[PDB]
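These protein sequence lines map, in sequence, to chains A and B.
The first sequence lines up with residues 1 to 119, 124 to 172, 178 to 389 when you count with the authors' numbering.
The second sequence lines up with residues 1 to 121, 124 to 170, 178 to 389 when you count with the authors' numbering.
The beta-carbon is built from N, C-alpha and C at its ideal position, and this holds for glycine as well.
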Amino acid sequence: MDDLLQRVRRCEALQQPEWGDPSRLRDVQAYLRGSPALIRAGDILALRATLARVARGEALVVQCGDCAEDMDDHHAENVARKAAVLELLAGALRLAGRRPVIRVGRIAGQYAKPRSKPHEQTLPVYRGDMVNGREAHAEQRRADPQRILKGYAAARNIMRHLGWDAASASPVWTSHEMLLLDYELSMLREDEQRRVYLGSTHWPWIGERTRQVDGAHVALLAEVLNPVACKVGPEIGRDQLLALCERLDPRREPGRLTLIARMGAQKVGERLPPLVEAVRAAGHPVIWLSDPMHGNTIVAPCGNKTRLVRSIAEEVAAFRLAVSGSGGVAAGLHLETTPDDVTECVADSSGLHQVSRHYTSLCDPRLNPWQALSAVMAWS
Amino acid sequence: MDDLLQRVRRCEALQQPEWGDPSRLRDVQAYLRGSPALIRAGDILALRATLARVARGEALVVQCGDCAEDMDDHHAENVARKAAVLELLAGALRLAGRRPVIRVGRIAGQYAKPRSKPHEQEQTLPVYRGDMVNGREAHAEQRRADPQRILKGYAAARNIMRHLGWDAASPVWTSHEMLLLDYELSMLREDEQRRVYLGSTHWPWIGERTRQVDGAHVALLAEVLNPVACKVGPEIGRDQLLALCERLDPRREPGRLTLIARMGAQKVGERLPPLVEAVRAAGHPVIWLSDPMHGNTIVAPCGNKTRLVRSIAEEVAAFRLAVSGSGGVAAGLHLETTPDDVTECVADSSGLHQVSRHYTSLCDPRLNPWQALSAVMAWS
Ligand SMILES: [Cl-]
Ligand SMILES: [Co+2]
Ligand SMILES: [Co+2]
């Protein structure tokens, strides 16, 4: 509505950029507010019903794409390649998990990243293509809200290429981290019954560092038609998580809430099961996906951070044991990947030396399709 | 039409079963003649145009399924798993080949197999020739040829077509070896312009041992709307192949003819290129697929004949070099596969006694999905 904006704008907002010109933002937000939504409420409903099936344990989920999307990579060929990666993993998971697989993308809006510390020589950290320039500088890192406008345009293109231009396939659903508010608040819409929905993406999640119960991001998604998701990390409280679930799934609707566990290969086995049982006890028909990526980030001797593939697979296996054991629906995988033949991730600790070459990520290390294949295989 | 039947029944017919009861056949053929076709002529035309694209080099093909389809495997779950295998390989090929991939199945009619030796090794029962002809069992009664089986095959095929989505996308096209004339002749149909088509399958091929130019099977497919294909083996003559092409692609239509090279890992490199160049010279816009299975069959001390995965991959690589070198369109792969986690094929010579466990194939050894994955990878 506009009610919702008011409510959300009177909460605390984390990881929000300092936009240079207040006027330009007002202009941008106006333009976005008066533009077509990227997705449709009927499709949202469609997906929502599918995720109800996933909560009943009769279907599985593969979510995959870049850490930080490149918004010159909005062209037919390259999105085709990303969709092919999804084909590959979907088929693999179907065979490993013996259930139907829903394809979901980290695409058409992954243009913002949250930062642990805001601040080379004490410069401002890179925030994504929707916020600031890639190269480390003074002026480039200056936040430019026109980038949001460019991001919208690229996202529209990607949606067209994906097949959400007209009504018809076996669809590729769209998801990205709903961290930003100026963009996202401008993308709110109402349906035929005045029920509000987020119009930027089918299936948004909230990042680990913006999931405060009394916070803005939760408030937004709390009152939104879209199926919602939330990242969950090792050092979250039982009581915390319960409150979070009450706000995002008050009616205990199966398919509504999705919790993506990212707590690392070692910690997951000890941390996850108490959380899962409490949510089961609370009566939330939640669906758990594993995020074995962000739990297991590791610094290589040369090159950036990487992740050992063995570690990722370990976590996937442990995740399923934990969730299934404690009585929850273990429903699939959340991975960051790429079609490009990169070496950003390596099989194991021995391989650490060859990280450097073929490393193209704007942010976190991604899995090459075949590495991701290994990760999905662990599911059994 | 019916004149076609006359013509085709005039020619020489190989690998045709000795049906026990003649009258029952007449009844069966009548019933089939008066039953709905499994596929439709508009879909055929759809596919035909797609294969024109494949002949221009703007798309690729994955054909895969069982050597000998099991008739009681006609249920939603199991065909879902087969389609998932196709998802997996299609995605893989798309990534390796950097072009759009067409999914085609060895399904809904692969119920007959051609045999070199009518009998086998106490008894000496006649060899089992597919679930549409003979019992799997090793006695004398089951091996008795029963034409009711054709009727059962039709029924199972109808079910599979429904589950595949042709009852009313990212379509799974259907193919099988056009072999049982009694069945197949009964499945001939006419469209709105009285153009005849084979109504059992979208995309039929003829096996290497029934591809005689002046033979029955060629004659049938010669005058049929469906896109047609033909297996091509090591010892085929230049002149032979040319004549074959003239009969199956008289008007030089791109997308019409498909030649599936199955020659073996060693022989393919030397034998294929002269054939490919001659057809190029003849001006036939043909599309070549590799069949690295049938060229490379090997006996196992422990079990029934297997295939080394390394050999299969070798042939795939060699196939592409040969075809691309000599100026023809190398357009994809033809593989006998299964979703089941079997050991019917082994990586290489090292796996001596592993073939013991998990060997369920009615006929020739199949690839497990992951082994097939390796085979598709060789395309690179
Ligand atoms: Cl059924
Ligand atoms: Co990331
Ligand atoms: Co075979």
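Cβ-Cβ distance between residue i and residue j below 8 Å
i	j	result
B:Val85	B:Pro378	yes
A:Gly224	A:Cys11	yes
A:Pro236	A:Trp212	yes
A:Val241	A:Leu268	yes
A:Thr50	A:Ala59	yes
A:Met187	A:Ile215	yes
B:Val62	B:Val54	no
B:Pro149	B:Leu25	yes
B:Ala92	B:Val385	yes
B:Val277	B:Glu217	no
A:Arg103	A:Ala90	yes
A:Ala37	A:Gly208	yes
B:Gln110	B:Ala68	yes
A:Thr352	A:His367	yes
A:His293	A:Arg261	yes
A:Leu253	A:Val8	no
B:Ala147	B:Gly20	yes
B:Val79	B:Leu166	yes
Reduced DSSP category for residue i - H, G, I as helix; E, B as strand; rest coil
i	result
B:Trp212	coil
B:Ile245	coil
A:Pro294	coil
A:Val351	coil
A:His362	helix
A:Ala238	strand
B:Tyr111	coil
B:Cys372	coil
B:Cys311	coil
B:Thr126	coil
B:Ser383	helix
A:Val338	strand
B:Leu197	strand
residue 176 of chain A	Any question about the placement of residue 176 of chain A has no answer from these coordinates, since chain A jumps from 172 to 178.
B:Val79	helix
A:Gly167	coil
Heavy atom of ligand 2 within 7 Å of residue i beta-carbon
i	result
A:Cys239	no
residue 403 of chain A	Because chain A is modelled from 1 through 389, residue 403 of chain A falls outside the range shown and cannot be assessed.
heavy atom of ligand 3 below 7 Å from residue i C-beta
i	result
B:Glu345	yes
B:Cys372	yes
B:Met302	yes
Whole-number beta carbon distance between residue j and residue i, since they are thought to touch under 8 Å
i	j	result
A:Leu45	A:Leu197	Wrong, their Cβ atoms sit about 17 Å apart, outside the cutoff.
B:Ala83	B:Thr183	Wrong, their Cβ atoms sit about 11 Å apart, outside the cutoff.
A:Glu345	A:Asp133	Not a contact, Cβ separation roughly 16 Å.
B:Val233	B:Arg256	Actually they are not in contact, since the Cβ atoms of B:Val233 and B:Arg256 sit about 12 Å apart, beyond 8 Å.
A:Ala327	A:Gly304	The pair is not a contact, with the Cβ atoms about 10 Å apart (cut-off 8 Å).
B:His185	B:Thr219	Rounded, the Cβ-Cβ distance is 13 Å, inconsistent with contact.
A:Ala381	A:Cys64	7 Å
A:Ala52	A:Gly264	4 Å
A:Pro283	A:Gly334	About 11 Å separates the two Cβ atoms, so there is no contact after all.
Proximity test, residue i beta-carbon vs ligand 1 heavy atom, cut-off 7 Å
i	result
B:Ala158	no
B:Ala80	no
B:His74	yes
residue 175 of chain B	In this structure residue 175 of chain B is absent; chain B steps straight from 170 to 178.
Three-pair Cβ contact test at 8 Å for the region 302-320 of chain A versus the region 30-50 of chain A: no
The region 133-147 of chain A in contact with the region 136-149 of chain B per 3-pair CB rule at 8 Å: no
Segment contact flag, the region 153-168 of chain B with the region 69-85 of chain B, C-beta cutoff 8 Å, min 3 pairs: yes
Sufficient close CB pairs (3 or more, under 8 Å) joining the region 365-375 of chain A to the region 289-301 of chain A: Output reads no: the region 289-301 of chain A does not touch the region 365-375 of chain A.
Inter-stretch contact at 8 Å, needing at least 3 Cβ pairs: the region 242-258 of chain A / the region 14-23 of chain A: no
Stretch pair the region 354-370 of chain A + the region 95-110 of chain A: three plus CB contacts closer than 8 Å: no
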